[PDB]
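Single chain ahead, by itself, as structure tokens, in the form deposited in one PDB entry.
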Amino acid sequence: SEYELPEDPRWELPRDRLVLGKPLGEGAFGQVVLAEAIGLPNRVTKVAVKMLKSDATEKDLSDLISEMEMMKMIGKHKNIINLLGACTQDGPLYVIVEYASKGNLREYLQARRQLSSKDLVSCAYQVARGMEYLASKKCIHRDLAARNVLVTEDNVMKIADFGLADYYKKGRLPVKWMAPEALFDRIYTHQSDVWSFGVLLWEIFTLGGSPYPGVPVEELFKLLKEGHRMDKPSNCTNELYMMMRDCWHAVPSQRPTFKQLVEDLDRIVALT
């Protein structure tokens, strides 16, 4: 709201206990910066702080608040970027979350082209867990992709942007991750996230590969309508490839659920 944000003692962290740092990046909404929180009672923890940019509007604030509240409703899980604290009173809002020192999975996977066969499946399993969790919390990500997966210093995959309140905007095209029903019928479901997870799996087995390179939107919709499915990556069992194709099944009910995926991948990680 305009003059003062709602109070919640549970999450509030005294601004003096937070020391803002080197910005991690930015976007339309606002801005994220590295920082150092104290006693989340006198030990410094590194965190990422999201906040509004100086050109923000009441709605931009309203979106950052909604994003914080949603993270609050959802709850904690090892495989998602968790809420750690918040400075809401007397000053700009600060959404304090977990810090992922190795950036998103795409960048992670490319700098290491050195992961093992178990590691690649281990990474896919952790992303499936987090999604199962978000799904058990009624959460529909709608933009699952390696970019929205962040990796910690200890290599823990963490789903990001799951609580975020132009088919041509890039520099890859996010529509390339979209389930046909969500892209044609605007039908966003937990199953559509399962489609996007397939495209993510492929990103894992191509070590940061770019899906449909050189293929513009109009062309993508055509391949989709023609039932075309990306080729099986080199270094990826026919089994893991069935899983990708499984997730890319036209009929959303026929695609596997995140719970099943977590199960299959559990097993596969063991048989790797």
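Rigid core (definition): largest C-alpha set, two forms, superposition within 1.5 Å. A residue's number is simply how far along the shown sequence it sits, counting from 1.
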Find out whether the coordinates of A56 are absent in at least a third of the other compared PDB entries of the same protein.
no
Other entries modelling both neighbours but not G27, at least a third:
yes
If I compare the deposited sequence with the modelled residues, how many are absent between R113 and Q114: none, 1 to 3, 4 to 9, or 10 or more?
10 or more
Between residues given as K170 and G171, how many of the deposited sequence are not built: none, 1 to 3, 4 to 9, or 10 or more?
1 to 3
Taking only the CA atoms, which stretch has the higher mean B-factor in the record, 130-138 or 115-123?
115-123
Stretch with the greater mean C-alpha B-factor as recorded in the entry, comparing 44-52 against 203-211
44-52
Among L164, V149, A179, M71 - the residue whose C-alpha B-factor is largest in the record:
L164
Binned into thirds over the chain's modelled residues, the C-alpha B-factor of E98 lands in the lowest
Should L64 be placed in the lowest, middle or highest third of its chain by the C-alpha B factor in the entry?
lowest
Tertile call for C87 (CA temperature factor, within chain, third-based) is the lowest
Splitting the chain's C-alpha B-factors into thirds, which one does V156 fall into?
middle
Splitting the chain's C-alpha B-factors into thirds, which one does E107 fall into?
middle
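Separately, the form deposited in another entry exists; it is not shown, and the next lines address it.
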Would you say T88 moves its Cα by 2 Å or more between this form and the one not shown, aligning on the core?
yes
Would you tell me if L261 moves between this form and the one not shown by 2 Å or more at its C-alpha, with the rigid core held superposed?
no
After the core is overlaid between this form and the one not shown, has the C-alpha of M51 moved by 2 angstroms or more?
yes
